[PDB]
Amino acid sequence: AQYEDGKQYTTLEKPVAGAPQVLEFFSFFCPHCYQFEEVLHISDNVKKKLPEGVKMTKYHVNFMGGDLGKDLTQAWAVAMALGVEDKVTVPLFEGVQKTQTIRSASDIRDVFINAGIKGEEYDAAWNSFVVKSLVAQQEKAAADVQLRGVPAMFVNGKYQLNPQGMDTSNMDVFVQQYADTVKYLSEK
Ligand SMILES: O=C(O)Cc1coc2cc(-c3ccccc3)ccc12
């Protein structure tokens with residue numbers, strides 16, 4: 001067949017009841033994740049190929065970067081809670097991987113301040129129990145699939161994207177193939 005279990009995707013052996021339809025995991029420490037966001041724009045190209053209004057969910061992970069990796073999962077929970085993901089994704093990736101100016105939780109906060117989130121608003125969110133619940137949710141979703149690498153994308157708790165089965169000689173063709181595979185899976 002054109003799409004085959006074990007080629008463009010693999011099938012979870014213990015599927016996850018009630019999972020987000022389209023669930024992406026990343027780390028701001030992850031070099032391929034930087035490529036996925038800043039160079040390939042995977043999440044945006046996937047969204048443009050799914051029906052209007054569908055739920056794409058994107059969660060950060062703890063297992064890269066030690067202490068700061070866990071701070072970034074909490075900061076990502078702040079970003080989700082305040083709805084400022086689009087304002088802080090680029091400066092966080094660049095601050096960790098390009099300029100290497102993010103070295104502490106305070107440096108992460110500066111990214112939000114510079115992006116126009118008020119200090120009191122950031123700190124209140126950082127310390128909130130709503131943000132604790134969002135951290136818990138990110139952790140649980142990664143645990144549900146025994147996640148040990150990023151970037152990763154899951155469709156309906158059932159299918160995991162397998163980009164290692166895709167020609168990457170042309171960036172645009174690769175992104176298309178990835179997006180079309182998500183569409184195909186979501187229609188399964
Ligand atoms: O898990 C793996 O190693 C496979 C994989 C995950 O994300 C990728 C991105 C590219 C890429 C291609 C062109 C430009 C920039 C990045 C290539 C391969 C992979």
# chains A, B, ... in the order shown; residues from 1 in each chain; ligands from 1

$ closest_atom_pairs --of "range 13-47 of chain A" --to "range 94-111 of chain A" --cutoff "10 Å" --atoms "only C-alpha atoms" --output "JSON lines"
{"residue": "A:28", "atom": "CA", "partner": "A:96", "partner_atom": "CA", "distance": 6.6}
{"residue": "A:29", "atom": "CA", "partner": "A:96", "partner_atom": "CA", "distance": 6.5}
{"residue": "A:30", "atom": "CA", "partner": "A:97", "partner_atom": "CA", "distance": 8.5}
{"residue": "A:31", "atom": "CA", "partner": "A:97", "partner_atom": "CA", "distance": 7.7}
{"residue": "A:34", "atom": "CA", "partner": "A:97", "partner_atom": "CA", "distance": 8.0}
{"residue": "A:38", "atom": "CA", "partner": "A:94", "partner_atom": "CA", "distance": 9.3}

$ residues_around --residues "residue 80 in chain A" --least-positions-apart "4" --cutoff "10 Å" --atoms "only C-alpha atoms" --output "count of residues only"
10

$ atom_distance --atom1 "CA of residue 89 in chain A" --atom2 "CA of residue 172 in chain A"
21.4 Å

$ closest_residue --among "A:88, A:161, A:145, A:78" --to "ligand 1" --atoms "only C-alpha atoms and all ligand atoms"
A:161

$ residues_near_ligand --ligand "ligand 1" --cutoff "7 Å" --atoms "only C-alpha atoms and all ligand atoms" --output "PyMOL selection string"
chain A and resi 32-33+35-36+39-40+151+163-164+168+171

$ decode --residues "range 55-140 of chain A" --atoms "C-alpha atoms" --output "CSV table (one decimal), in the first residue's frame"
chain,number,residue,atom,x,y,z
A,55,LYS,CA,-7.6,20.1,17.9
A,56,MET,CA,-3.8,20.1,17.5
A,57,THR,CA,-2.1,19.9,20.9
A,58,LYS,CA,1.6,20.5,21.5
A,59,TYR,CA,3.4,19.7,24.7
A,60,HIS,CA,6.9,20.2,26.0
A,61,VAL,CA,8.9,17.3,27.7
A,62,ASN,CA,11.2,17.0,30.7
A,63,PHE,CA,13.7,14.5,29.6
A,64,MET,CA,16.2,16.9,27.9
A,65,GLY,CA,18.0,19.6,29.7
A,66,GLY,CA,17.8,18.5,33.3
A,67,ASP,CA,16.6,21.3,35.6
A,68,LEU,CA,16.1,23.9,32.9
A,69,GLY,CA,14.3,21.3,30.8
A,70,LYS,CA,11.7,21.0,33.6
A,71,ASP,CA,11.5,24.8,34.0
A,72,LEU,CA,10.7,25.0,30.3
A,73,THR,CA,7.9,22.5,30.6
A,74,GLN,CA,6.4,24.8,33.4
A,75,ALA,CA,7.0,27.9,31.1
A,76,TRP,CA,5.3,26.1,28.3
A,77,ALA,CA,2.3,25.5,30.6
A,78,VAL,CA,2.4,29.3,31.3
A,79,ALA,CA,2.5,30.0,27.6
A,80,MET,CA,-0.6,27.7,27.0
A,81,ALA,CA,-2.4,29.1,30.0
A,82,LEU,CA,-2.0,32.7,28.8
A,83,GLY,CA,-2.3,31.8,25.1
A,84,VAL,CA,1.0,33.3,24.1
A,85,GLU,CA,2.6,30.2,22.5
A,86,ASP,CA,3.0,32.1,19.2
A,87,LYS,CA,4.8,35.0,21.0
A,88,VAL,CA,7.4,32.9,22.9
A,89,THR,CA,8.2,29.8,20.7
A,90,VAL,CA,10.8,31.5,18.5
A,91,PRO,CA,12.6,33.5,21.3
A,92,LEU,CA,12.7,30.4,23.5
A,93,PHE,CA,14.1,28.1,20.8
A,94,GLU,CA,16.6,30.8,19.8
A,95,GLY,CA,17.5,31.6,23.5
A,96,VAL,CA,18.3,28.0,24.2
A,97,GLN,CA,19.9,26.9,21.0
A,98,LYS,CA,21.1,29.9,18.9
A,99,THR,CA,22.2,32.7,21.3
A,100,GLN,CA,22.4,30.3,24.3
A,101,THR,CA,21.2,33.1,26.6
A,102,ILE,CA,18.6,31.0,28.5
A,103,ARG,CA,20.5,29.6,31.4
A,104,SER,CA,18.0,30.0,34.3
A,105,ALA,CA,14.3,30.3,35.1
A,106,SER,CA,14.9,34.0,35.3
A,107,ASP,CA,16.2,34.1,31.7
A,108,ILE,CA,13.1,32.2,30.6
A,109,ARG,CA,10.9,34.8,32.3
A,110,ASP,CA,12.8,37.6,30.5
A,111,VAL,CA,11.7,36.1,27.2
A,112,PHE,CA,8.1,36.5,28.3
A,113,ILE,CA,8.7,40.1,29.6
A,114,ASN,CA,10.3,41.0,26.3
A,115,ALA,CA,7.4,39.5,24.4
A,116,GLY,CA,5.1,41.8,26.4
A,117,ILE,CA,3.7,39.6,29.1
A,118,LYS,CA,3.5,41.6,32.3
A,119,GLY,CA,5.8,40.6,35.1
A,120,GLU,CA,3.0,40.2,37.6
A,121,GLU,CA,0.9,38.2,35.1
A,122,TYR,CA,3.8,35.8,34.3
A,123,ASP,CA,4.6,35.3,38.0
A,124,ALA,CA,1.0,34.7,39.0
A,125,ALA,CA,0.6,32.1,36.2
A,126,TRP,CA,4.0,30.5,37.0
A,127,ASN,CA,2.9,29.9,40.6
A,128,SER,CA,-0.7,29.0,39.8
A,129,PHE,CA,-2.4,25.6,40.3
A,130,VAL,CA,-3.9,25.9,36.8
A,131,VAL,CA,-0.3,25.8,35.5
A,132,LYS,CA,0.5,22.9,37.9
A,133,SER,CA,-2.4,21.0,36.3
A,134,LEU,CA,-1.1,21.9,32.8
A,135,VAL,CA,2.4,20.6,33.7
A,136,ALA,CA,0.7,17.4,35.0
A,137,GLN,CA,-1.2,17.0,31.8
A,138,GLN,CA,2.0,17.4,29.7
A,139,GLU,CA,3.7,14.8,31.8
A,140,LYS,CA,0.8,12.4,31.7
